[PDB]
Structure formats: C-alpha cells, structure tokens
Amino acid sequence: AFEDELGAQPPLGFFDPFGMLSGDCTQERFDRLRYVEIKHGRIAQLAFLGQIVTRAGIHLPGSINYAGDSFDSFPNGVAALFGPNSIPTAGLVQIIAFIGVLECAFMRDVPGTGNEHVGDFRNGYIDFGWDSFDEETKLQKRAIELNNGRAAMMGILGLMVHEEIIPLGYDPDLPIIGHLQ
Amino acid sequence: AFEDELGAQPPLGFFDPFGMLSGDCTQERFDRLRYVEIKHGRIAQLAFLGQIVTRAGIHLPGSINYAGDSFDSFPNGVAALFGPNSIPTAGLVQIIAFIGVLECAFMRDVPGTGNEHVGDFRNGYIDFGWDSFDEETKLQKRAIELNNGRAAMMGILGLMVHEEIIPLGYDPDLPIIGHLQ
Amino acid sequence: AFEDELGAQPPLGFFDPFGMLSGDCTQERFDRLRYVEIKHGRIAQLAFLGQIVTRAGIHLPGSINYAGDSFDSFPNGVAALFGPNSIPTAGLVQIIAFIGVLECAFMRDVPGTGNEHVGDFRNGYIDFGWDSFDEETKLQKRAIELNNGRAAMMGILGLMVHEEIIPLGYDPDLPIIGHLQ
C-alpha cells in the first residue's frame, strides 16, 4: 500500500526489512514513521554540516563566555559538548532550551495552516517559492531531502562512532576526512 | 477558538506565547493542556503549603522511624528529601508509592461518572456542595483554583531555586520569608 | 462490563482493586491492559524457566566469548547480568538488541493478518494447530497462559528480591529452591 510512496526508489525500491508497514498498516503509522525519519534526517544533515565546518578550521570569532574561552579552542565532535574540556555546560543547557523552544513553538505542524505533506512546517508563514515547482519537481526535491537525511544520519553516526573509538585504539585513516582529530 | 476559555482573564487576557493553541487546535489538545496545568497547579499549591508549614516551625509530633529520628530534626525543602541528612529513603519510596497509588486509582477522571469539566475528579463519590454554586460562581472558583495553581507553580519553583543557590553564594534576604534557611 | 472476560475466574472472580476498569471503561483500555499483562506474563514465564534451568546446574556447552569464559562460570540471577563478575556487557547489549529486533519486527500484532484476540501474534505465519481446539479449549488454554504468566511474574519478582537481599543478611531457606547460590 505504501510501496509507491516517497522514499521508495532505486536501487533498493521499497525497502522495509523489519516490516513496519507489513499488513494493513494505517496512513497514520506511515505518517508518524515518515515524520520521525524526516526530523532525524534534517537534524543529522545539520549535525554533519556543523561537524564539517568545525573540523575544517572555521570557528565563530570571539569568545564563548566572559571568561575568555575562545571559540577556536574547544575540540571537535562529542568532546566539544561532553568531556573534560568542552564548552560551558551553561551553553549546552541554553542550546537544549533553544531547541526545545523551537520544537514547541516553531518547528511544528500547525493544524489548518495549509501544510500539504508530512514534514511541511511552512504553516503559511515562511515560504521561499514552493509554488514555482511543478508536481514532479516537488516530489524530486522531497526525495532529495529525505535521501540526504538518511545519508547524513548514517554519516553522523559514523562520525561520532569514529570519534569515540580513537581512545580505544581504533584510529583509522578515513578516506576524505583523514584522521578524525 | 479558545480565547474565551477558563484562564483567559485580565490583565493579560488570552496569553499563548509559544502558540500551543495556534491554528485549528482540537478540543482534545486544549483539554490535555488544561489537565496538565491544573494537575501541576494542585501539586504546586500543596507543595507550597507544605513548604511554608515546615519552614514556619510546625512539624508532626513523634519520630519518623523506629530509630528515633524526630520529625523536627530534618532540614526544610529539597534537603529534607534529597541530601546527606534527609528523611529515610524508605520513607521517600513509600511516599512515591502512595502518590502512585492515589494517581492510578484515586486521583483520576473515571469515565461515565458525571464529571463536568477537565480537572473534575469527583466521580460522583466525594462532593462538598458543588451543585450549590450557580453557574458564574462555579467558573469563578475554577479560575481561582487555576490561577492560584499557576502562582504556586512559580512560587515553588522559586523556593527550590533559592534553596539550591544558597550553597553557591546566592543568599538574598527574600521578602516575607526572609533568609531561606 | 469486563467482569466476565478472560482472567476473571475463581476463587477471586473479577478482581480490580485499583479500579482500572471502573466506570465506562473502553475496550481499548482493557485491550491495552490485557496486552501488557500477557506480555509481562510471557516474559516472566521465560525468565522463571531460565532461572530454574541455570540454577539447576544446566549450562550451555563451550564459552561465551573468545577469551575463554565458560558458560558454567557466571553466577545465577541478577549477578549474571549486572555485577562485577557477570557475562560480558557486549553480550548483554546484543541480547537487548535481539529483543528489540524481536519486538519491532517479529513479536507484534500485524494488522489485517487474522489475529483473533489480544496477545495473538500468529499473523497467519506460525500456527501449530490453533484451529484444532474447539471454543471452550481455546479459552481454557488462554486462561492457563494468563494465570501462569501472573504466577510467573510473582515468582520472578520473588526470585530477584531474594537474590538481592542475601548480601543484606536476609538469606532464608526457601521451600523448594532452597538457598539461592
């Protein structure tokens, strides 16, 4: 029933190993699964972009606090948030609070606002031109977003795993990023 | 749609900063939010009353356990439950278990029992004269309960925060309550 | 409304102390409660069987890891999973992952597959002769499973509690299993 929906594309086609959509699956369950997938994909895309920018030597100018701790002094990856020498835990708490504010008030599907598919958060407020695309281009853009989200999920998982196994003696020379210092 | 519901009163009027009720919000969502708000308000009202009673020098006679630890020997506030010198953790576990029993079996809205609004737990069992009030007085009492609950929420949060910041060097002479010892 | 359902049998008859099904309870609720009860009963039955098999001196041949830690060297009970000398935590993680796979993909009620009652996971895939039983025997087997599950919940809770109180000085001689070692 959902074998022709968004995300079922070559080469795997419809790929449901654990059988989440097996049987008479309702549209609500598939919508929930797709919403979770798109949320994770967007978060992982942002996380991978941030990891790449930080590890490329690009940091915000100035200091993260009044103490004088410069931005380009904390490590990259998990050590930047959780570790002995990381950003102040007040900064992490404020970041989490800001994310919670965004999810409660901003990053949400407001009912009766014109959203036309799962993951559409425009709510009639912010729109950069989601009407010039025809029917096929809209689906193509949504598929690009979803697949990039899946790839970024796997990539950010690999980045954290590799950053967390270096102390244990597993420090390989990764193809593009090199040694994950 | 919910701008004339209970709790929308001067001077703020309908106050929805995060936009929980924005768009075509369903009655179920508002009912859930109001239930959570009323439950928090009742819990916070009881917490503030107990905090004030304990800090005023009023304690239960006798001892909290067979060891001989008198009631008027444990500290006030968070230090009474979580700390080196607090009430026995068996007492805390029993309190939590009793609260769970009350909330699962007693402090609940039993379906098909005559409850009139969200937060009504009478269930046709305990009633002190609710039907004696006319229509306007019922709404007035409900609004009083809700607003006292909000105020007690903020007050108990402030009391806990002030208690927890005294060891950090923040010990102000709070109004009325004085130094929060 | 639910006083004649499965599980309401002599000598207690219908037994709802906390009043979960009080008032106009929906089948849905009751269905969720029965599903949770059956899941807990099956898990506890397996747990009790494993506890008995391990404590009777029956262990898998060989070693649990490449290091050489033989199966018949770890303790019995909670000490086998959580403790200083337990099975490798990699094994525990893999067991939890396998259980999660089973619940997500295998041990579930697939909609539109022919399941007749709550707890039926056949899904038209695995069946050892369920339709061979007549109506009375089907209910009898379901009641036997449910009551054995309840008894197993009590038994596994008692076994874990008795294991955890031996270091505290409470080491009684249990009737059948004797001392827990």
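When the chains are written out, they are named A, B and C in that same order, and each has its own residue count from 1.
Rule of thumb we're sticking to: a residue touches a chain if its C-beta (ideal position, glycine included) is under 8 Å from a C-beta of that chain, and two chains touch if they have at least 3 such contacts.
Undergrad: Connecting every touching chain pair, does the picture come out as line, ring, star, complete or other?
TA: Basically all the chains touch each other, so complete.
Undergrad: Superimpose the Cα trace of subunit A on the Cα trace of subunit C, which carries the same sequence, then give the rotation angle to the nearest 5°.
TA: A turn of 120 degrees brings the C-alpha atoms of subunit A onto subunit C.
Undergrad: Would the interface of subunit A with subunit B count as same or different, where same needs over half of all numbers used to appear in both copies?
TA: Under half shared, hence different.
Undergrad: Could you put a whole-Å number on the gap between the CA centroids of subunit A and subunit B?
TA: Roughly 38 Å separates the two chain centres.
Undergrad: Tell me, which parts of subunit C touch subunit A in their complex?
TA: On the subunit C side, the touching residues are 101, 104-105, 110-113, 123.
Undergrad: Which of the residues in subunit B end up touching subunit A in this complex?
TA: 17-20, 22-26
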